[PDB]
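Chain letters run A, B, ... following the sequence lines, proteins first and then strands; every chain starts at 1.
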Amino acid sequence: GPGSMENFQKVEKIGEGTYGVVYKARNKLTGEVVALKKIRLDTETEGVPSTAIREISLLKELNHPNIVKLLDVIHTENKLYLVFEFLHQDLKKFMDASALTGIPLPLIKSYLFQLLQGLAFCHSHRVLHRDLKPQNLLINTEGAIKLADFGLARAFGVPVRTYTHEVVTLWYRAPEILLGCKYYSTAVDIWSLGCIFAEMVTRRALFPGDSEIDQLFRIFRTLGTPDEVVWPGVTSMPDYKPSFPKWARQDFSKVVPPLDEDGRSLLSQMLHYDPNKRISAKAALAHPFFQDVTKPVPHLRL
Amino acid sequence: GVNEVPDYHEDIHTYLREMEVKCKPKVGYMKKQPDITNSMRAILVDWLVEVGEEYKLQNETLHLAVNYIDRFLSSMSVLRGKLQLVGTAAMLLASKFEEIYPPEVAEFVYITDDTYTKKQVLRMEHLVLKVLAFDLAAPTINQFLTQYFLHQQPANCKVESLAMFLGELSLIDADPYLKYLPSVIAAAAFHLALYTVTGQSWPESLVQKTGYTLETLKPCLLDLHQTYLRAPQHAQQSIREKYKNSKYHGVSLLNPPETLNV
Ligand SMILES: O=C(O)Cn1ccc(Br)cc1=O
Ligand SMILES: O=C(O)Cn1ccc(Br)cc1=O
Ligand SMILES: O=C(O)Cn1ccc(Br)cc1=O
Ligand SMILES: O=C(O)Cn1ccc(Br)cc1=O
Ligand SMILES: O=C(O)Cn1ccc(Br)cc1=O
């Protein structure tokens with residue numbers, strides 16, 4: 001790319017991943033505020049990590065207003081700098097600091113509609129995210145919200161083949177992953193967004209489990225223990241046990257009480273057991289829940 | 001259902017069609033390589049077929065690595081003593097992209113029989129990333145094959161394996177296959193496979209999806225049929241060995257048809 005480190009002035013640290021540090025920086029020539037992710041190619045006898053190779057290859061291709069833009073990659077022999085569009089906050093920090101009495105319903109609806117746009121675009125370009133959670137959703141001052149953190153993402157074939165099972169932060173992880181299924185698909189991202197939608201209403205995780213089996217149990221206790229009727233094949237799945245307690249499905253009115261009829265409908269469709277019946281991002285955009293969202297479409301970045 | 005992404009398969013197909021064009025190697029770069037030939041390339045790819053089986057790698061990884069090699073050799077001149085090093089790095093990169101469990105860099109060094117150092121593999125890794133500008137999510141023959149497979153009435157595993165086999169044979173021979181896009185070779189491979197196993201031809205539904213006809217596929221199809229007929233005579237045999245395995249339904253043992261009637 002056309003960038004050199006000399007042209008950026010570091011401003012402060014803003015994060016640290018298991019693969020380096022992010023600084024807020026300023027482009028001294030254009031004025032652009034950016035986020036610089038440092039990926040030490042050293043401190044590693046295996047060369048460029050796979051997380052970085054997928055993040056760059058995939059993000060180079062994904063230009064959408066609700067996907068954080070990769071602006072540049074500065075490739076020293078020693079270090080690797082990913083230059084990203086900068087957004088001031090994440091959805092987790094907003095809910096924990098300013099959304100204490102709650103995120104108002106117009107804003108929730110705007111955010112969800114944007115997340116769906118971003119996600120539909122990923123899926124349309126054969127990219128699974130595989131780590132949708134509030135910490136990985138950046139918000140700016142203009143009220144845009146954008147999928148970020150593509151270091152767990154993956155380019156899929158059609159139909160999909162078996163991919164990595166250690167995927168998705170637990171609280172956001174789809175039942176088909178938890179039950180050890182051979183194949184998973186776009187429906188795992190939709191689940192995570194389901195979890196997130198609910199979380200934005202209540203400001204607390206829907207399924208905060210402390211192990212795989214506890215996670216499943218919390219899901220079952222809310223949505224009912226799935227059987228062949230609701231989810232054909234479920235009982236043949238590798239980590240499905242006959243011994244699973246059989247809990248009853250609870251009315252979604254009791255799962256997220258403040259939510260209206262349209263909301264409850266969309267939510268149930270995102271959290272459908274059968275990944276085959278779970279709504280797609282593309283379909284979800286036309287759900288009546290979004291009828292009165294009028295926030296102008298964010299513009300894509302250069 | 002969702003595993004075949006009903007709501008996205010067309011979007012994806014269309015996108016892979018656009019991308020296979022951007023990721024396409026220069027058809028005539030071998031003449032511009034002073035010191036390497038199609039034959040040397042064939043030897044490298046055949047070796048990468050053996051490395052893929054030794055490490056139980058995905059076939060996709062194999063196709064990606066070939067794509068990287070061909071794009072690299074399109075802008076960078078390489079001495080014959082270094083071609084293997086390019087190939088090794090290509091395979092490393094593709095493994096890191098495509099595999100759940102990529103082999104460690106040390107194993108990539110080990111399969112070169114200490115021709116090259118770990119430092120040389122890693123430095124070449126960097127060079128290849130530079131040259132390709134990290135543009136690694138390339139459409140492969142396989143990405144098209146698996147989609148075309150959804151058009152079998154009904155699914156036949158020998159058809160699928162045979163199509164995979166033919167596709168892989170095409171990686172070996174820069175002439176003529178450098179001149180055909182992944183999507184077209186896959187079309188040819190699928191029709192040949194279908195004709196060979198069941199007597200059937202390229203389905204109309206795939207004419208609708210792809211805009212390709214037996215008309216448009218004909219040139220490639222004639223080349224593929226020849227490659228199939230001469231496969232037992234080729235200098236490079238690693239793919240036929242591989243496809244004897246039950247994993248792939250021993251499809252390399254099927255007899256090619258003598259004529260296509262096309
Ligand atoms: O490359 C360096 O000197 C390290 N570095 C580079 C850029 C920024 Br911003 C911070 C920083 O510590
Ligand atoms: O989220 C990423 O992948 C990297 N990144 C990009 C933008 C910002 Br702000 C923070 C950050 O960590
Ligand atoms: O009482 C109802 O109509 C259903 N119901 C039950 C319990 C809760 Br909390 C909310 C709610 O709507
Ligand atoms: O060892 C040889 O004969 C040379 N050589 C080494 C490695 C590869 Br791959 C091809 C080749 O011709
Ligand atoms: O080492 C060489 O010069 C010979 N050689 C080695 C490796 C490969 Br691949 C091809 C080839 O001709």
Inset, instruction - Answer yes or no: is there an ion pair linking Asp96(A) with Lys92(A), defined by an N-O contact shorter than 4.0 Å? - result: yes
Legend entry - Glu32(A) bridged to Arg301(A) by N-O distance under 4.0 Å: yes
Inset, instruction - Please report the C-alpha distance between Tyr240(A) and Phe244(A) in whole Å, then the side-chain angles of each, then the deciding distance to 0.1 Å, and finally whether the ring-ring contact (aromatic ring centres under 6.0 Å, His included) criterion is met. - result: CA-CA 8 Å; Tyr240(A) 169 94; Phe244(A) 283 168; 5.1 Å; yes
Inset, instruction - Go through the steps to decide whether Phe144(B) and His13(B) satisfy the test ring-ring contact (aromatic ring centres under 6.0 Å, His included), and finish with yes or no. - result: CA-CA 8 Å; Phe144(B) 288 105; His13(B) 175 69; 5.8 Å; yes
Inset, instruction - Mark yes or no for whether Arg203(A), through its side chain, and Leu100(A), through its backbone, hold a donor-acceptor pair below 3.5 Å. - result: yes
Inset, instruction - Specify whether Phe150(A) and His129(A) have parallel, tilted or perpendicular ring planes, treating 30° as the upper limit for parallel and 60° as the lower limit for perpendicular. - result: perpendicular
Inset, instruction - Answer whether the closest heavy-atom distance between the side chains of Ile145(A) and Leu115(A) falls below 4.5 Å. - result: yes
Legend entry - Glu16(A) atom CD: more than 12 heavy-atom contacts under 6.0 Å: yes
Inset, instruction - Apply side-chain contact (heavy atoms from CB on, under 4.5 Å) to the pair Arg173(A) and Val167(A), showing each step before the final yes or no. - result: CA-CA 8 Å; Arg173(A) 189 177 307 163; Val167(A) 284; 5.9 Å; no
Legend entry - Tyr273(A) side chain vs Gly224(A) backbone, donor-acceptor pair below 3.5 Å: yes
Inset, instruction - Take the angle between the ring planes of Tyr55(B) and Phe108(B) and call it parallel below 30°, perpendicular above 60°, tilted in between. - result: parallel
Legend entry - More than 12 heavy atoms from other groups under 6.0 Å of CZ on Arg40(A): no
Inset, instruction - Determine whether more than 12 heavy atoms belonging to other residues, nucleotides or ligands lie under 6.0 Å from atom CD of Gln250(A). - result: yes
Legend entry - Derivation of the side-chain contact (heavy atoms from CB on, under 4.5 Å) call for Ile39(A) and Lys79(A): CA-CA 6 Å; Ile39(A) 294 169; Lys79(A) 263 139 207 214; over 6 Å; no
Inset, instruction - Count the heavy atoms of every other residue, nucleotide or ligand shown that sit under 6.0 Å from CZ of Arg123(B), and state whether that count exceeds 12. - result: no
Legend entry - Test item: side-chain donor near acceptor, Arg130(A) and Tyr184(A), under 3.5 Å: yes
Inset, instruction - Look at atom CD of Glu77(A) and say whether more than 12 heavy atoms of other residues, nucleotides or ligands are closer to it than 6.0 Å. - result: no
Inset, instruction - Assess whether atom CD of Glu104(B) is packed by more than 12 heavy atoms of other residues, nucleotides or ligands within 6.0 Å. - result: no
Legend entry - Note, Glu4(B) side chain near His9(B) side chain (heavy atom, < 4.5 Å): no
Inset, instruction - State which residue, out of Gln215(A), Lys133(A), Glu199(A), fulfils the side chain to side chain donor-acceptor pair (under 3.5 Å) condition with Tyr172(A). - result: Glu199(A)
Inset, instruction - Would you check if there is a donor-acceptor pair between the side chains of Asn78(A) and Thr76(A) at a distance under 3.5 Å? - result: yes
Inset, instruction - Taking only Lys NZ, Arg NE, NH1 and NH2, and the carboxylate oxygens of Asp or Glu, determine whether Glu176(A) and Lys182(A) approach each other closer than 4.0 Å. - result: no
Inset, instruction - Answer yes or no: is there a side-chain heavy-atom contact under 4.5 Å between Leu91(A) and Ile196(A)? - result: yes
Inset, instruction - May I ask you to say whether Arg161(A) pairs ionically with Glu60(B), meaning some side-chain N is under 4.0 Å from a carboxylate O? - result: no
Legend entry - Expected output: side-chain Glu125(B) to main-chain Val48(A) donor-acceptor under 3.5 Å: yes
Legend entry - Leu107(A) vs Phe94(A) side-chain heavy atoms within contact, under 4.5 Å: yes
Legend entry - Inter-residue atom distance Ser50(A).OG - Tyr101(B).OH, 0.5 Å rounding: 12.0 Å
Inset, instruction - Go through the side-chain N and O atoms of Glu61(A) and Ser57(A) and say whether any donor and acceptor fall under 3.5 Å apart. - result: no
Legend entry - Ionic contact status for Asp260(A) with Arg264(A), cut-off 4.0 Å: no
Inset, instruction - With the side chain counted from C-beta on, respond yes when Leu57(B) and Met91(B) share a heavy-atom pair under 4.5 Å apart, and no when they do not. - result: yes
Inset, instruction - Mark yes or no: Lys109(A) above the aromatic ring of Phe289(A), with NZ or CZ under 6.0 Å from the six-membered ring centre and no more than 45 degrees from the axis. - result: yes
Legend entry - By salt bridge (charged side-chain N to carboxylate O under 4.0 Å, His left out) - contacts of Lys24(B) (at least two apart): none
Inset, instruction - Go through the steps to decide whether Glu98(B) and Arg54(A) satisfy the test salt bridge (charged side-chain N to carboxylate O under 4.0 Å, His left out), and finish with yes or no. - result: CA-CA 9 Å; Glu98(B) 199 48 47; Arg54(A) 280 159 155 181; over 6 Å; no
Legend entry - Criterion side-chain contact (heavy atoms from CB on, under 4.5 Å) on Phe84(A) and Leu59(A), from CA distance to verdict: CA-CA 10 Å; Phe84(A) 290 88; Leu59(A) 278 187; 3.6 Å; yes
Inset, instruction - Would you please name every residue forming a salt bridge (charged side-chain N to carboxylate O under 4.0 Å, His left out) with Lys22(B), sequence neighbours left out? - result: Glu18(B)
Legend entry - Side-chain (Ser110(A)) to main-chain (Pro106(A)) donor-acceptor, under 3.5 angstrom: no
Legend entry - Ring centers of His125(A), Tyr8(B) separated by less than 6.0 Å: no
Inset, instruction - Just do the side-chain contact (heavy atoms from CB on, under 4.5 Å) check on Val2(B) and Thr186(A) with the steps written out, would you? - result: CA-CA 7 Å; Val2(B) 76; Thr186(A) 51; 3.5 Å; yes
Inset, instruction - Enter the distance from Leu16(B):CG to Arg126(A):CZ here, rounded to the nearest 0.5 Å. - result: 6.0 Å
Legend entry - Charged N-O contact under 4.0 Å between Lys60(A) and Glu55(A): no
Legend entry - Reported OG1-to-CG distance for the pair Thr88(B) and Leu93(B), which is rounded to 0.5 angstrom: 11.0 Å
Inset, instruction - Hey, can you tell me if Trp191(A) and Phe207(A) have their rings parallel, tilted or perpendicular (30° and 60° cut-offs)? - result: parallel
Inset, instruction - Quick one: sort the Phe217(A) and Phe220(A) rings into parallel, tilted or perpendicular, breaks at 30° and 60°. - result: tilted
Inset, instruction - Can you measure from CD1 (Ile67(A)) to CD (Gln114(A)) and round to the nearest 0.5 angstrom? - result: 12.5 Å
Legend entry - Between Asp131(A) and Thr169(A): side-chain donor-acceptor atoms closer than 3.5 Å: yes
Legend entry - Heavy-atom neighbours of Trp231(A) CH2 exceed 12 at 6.0 Å: yes
Inset, instruction - Hey, could you give me the CG/NZ distance between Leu150(B) and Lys209(B), rounded to the nearest 0.5 Å? - result: 7.5 Å
Inset, instruction - Could you tell me whether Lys96(B) and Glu99(B) make a salt bridge, using a distance below 4.0 angstrom between a side-chain N and a carboxylate O? - result: no
Legend entry - Which residues share a salt bridge (charged side-chain N to carboxylate O under 4.0 Å, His left out) with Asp90(A), sequence neighbours left out: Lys93(A)
Inset, instruction - For atom CG of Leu302(A), decide whether the heavy atoms of other residues, nucleotides or ligands shown that lie under 6.0 angstrom number more than 12. - result: no
Inset, instruction - Indicate whether any N or O donor in one side chain lies under 3.5 Å from an N or O acceptor in the other, for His123(A) and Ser280(A). - result: no
Inset, instruction - With rounding to the nearest 0.5 Å, note down the distance linking CZ in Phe8(A) to CG in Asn27(A). - result: 5.0 Å
